[PDB]
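One chain follows as structure tokens, the form deposited in one PDB entry.
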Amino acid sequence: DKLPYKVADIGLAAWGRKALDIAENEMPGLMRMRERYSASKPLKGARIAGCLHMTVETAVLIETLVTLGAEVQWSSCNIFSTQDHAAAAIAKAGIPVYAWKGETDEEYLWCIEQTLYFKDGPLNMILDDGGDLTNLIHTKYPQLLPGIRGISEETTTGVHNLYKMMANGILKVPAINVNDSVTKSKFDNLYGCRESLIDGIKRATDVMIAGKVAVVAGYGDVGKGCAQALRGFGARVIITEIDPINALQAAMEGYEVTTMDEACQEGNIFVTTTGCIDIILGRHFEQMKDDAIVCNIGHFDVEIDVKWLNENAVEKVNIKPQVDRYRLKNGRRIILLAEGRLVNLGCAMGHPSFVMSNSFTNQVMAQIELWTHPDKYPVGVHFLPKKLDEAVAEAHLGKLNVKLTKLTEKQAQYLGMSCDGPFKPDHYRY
């Protein structure tokens, strides 16, 4: 009596498959995993439930896992991020996926629920992005915890949740922090938003970036990438921060660092990257230049007070999907993107596949680790070993034609390290 899947239109599978074919060729890390483990099926027995934006990239990840032997059931971790042609290709391949662009909140929860129970038994593995699946199980289905061998978590906000849970005796299953592998945080969060933040603002508004003042709240890995992207197109970028170290980094890169109370009067474009609530408020909106564009790229839509706009604007015109233009009592207009949900995935296609290969190779490794070597992972939050982190990167060098240097035995002795690595201490920040 249960649907085998639920997508917007199965008819999009052909276009989706073409999409995955091109993407596969941009994802050597995932392709190399299949080449190494399709034969031995290290994930045989795993029943992986995934909750992570259902995009072309995620479809290649899903099929990599299946190729490695696991059974997979998936849901998106955002109501506007699914790419329907990718979801259809997956559904068609007979993998249970419950996801479509533009879900309601009740449907969003429903979709995650359809992934918990497989044909032959509940999930024994979690692949999360944001902690929603992780929190659902720990709060509504704890009984399933003993049957779950591990959790791998994709993003900063989900990772922070995990540490809050572990600090409070709640975390009941071993978890690998994938966000913090170097090859994820210093590539996906940085270089990925550097390209997909602009993509989302452009597809949504077609606005010229050059000449504009842009305000980026937060200067973490995401803000660093966003600020760099905007400045490369000629915007004057202003940064807001709560952390004196990130603030000093931004100042030393030539950015004016000040508060939102002050910057709201100057910005033409606003991007929130903090992962924190109450960044852009009604008091900020009333000070904004006419047609200021306001978006969020942080995991959850908690940074901008969109409720305030809906309750206080005198007009609200939908320009196209995910693009709303309000008119306030002061007569001025505000362009709001994706109703405040992460703009790169809501208004465009997320990070390009090559960088997502770095993130997802980390994810496959984490799944294998937890599944294949549970004795190595006590309940808590862990990091993939540096040696695996380095392997992720090495798997992407050939595609770029990078010729890496090999330490001579003489050099390796002088440096006190192995010719095959790890080449850095564990506290290295890269």
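Residue positions are given as counts along the sequence shown, with the first one as 1.
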| Looking at the entry, does 19 to 27 or 416 to 424 show the higher mean C-alpha B-factor? | 416 to 424
| Between 171 to 179 and 349 to 357, which has the higher average C-alpha B-factor in the PDB entry? | 171 to 179
| request: Just grab whichever of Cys51, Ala391, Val60, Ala46 has the top CA B-factor as deposited. | output: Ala46
| According to the deposited entry, which of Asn401, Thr372, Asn362, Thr55 has the largest Cα B-factor? | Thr372
| task | Select lowest, middle or highest to describe the third in which the CA B-factor of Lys164 falls within its chain in this entry. | result | highest
| query | So where's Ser76 on the chain's Cα temperature factor ranking, which third? | reply | middle
| query | What third of the chain, by the recorded C-alpha B-factor, contains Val216? | reply | lowest
| request: Would you check the entry's CA temperature factor for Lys119 and let me know if it's in the chain's lowest, middle or highest third? | output: highest
| Taking the entry's C-alpha B-factors for this chain, is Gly340 in the lowest, middle or highest third? | lowest
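Omitted here: the form deposited in another entry. The next part is about that form.
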| Pairwise rigid-part agreement between this form and the one not shown (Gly218, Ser152) | no
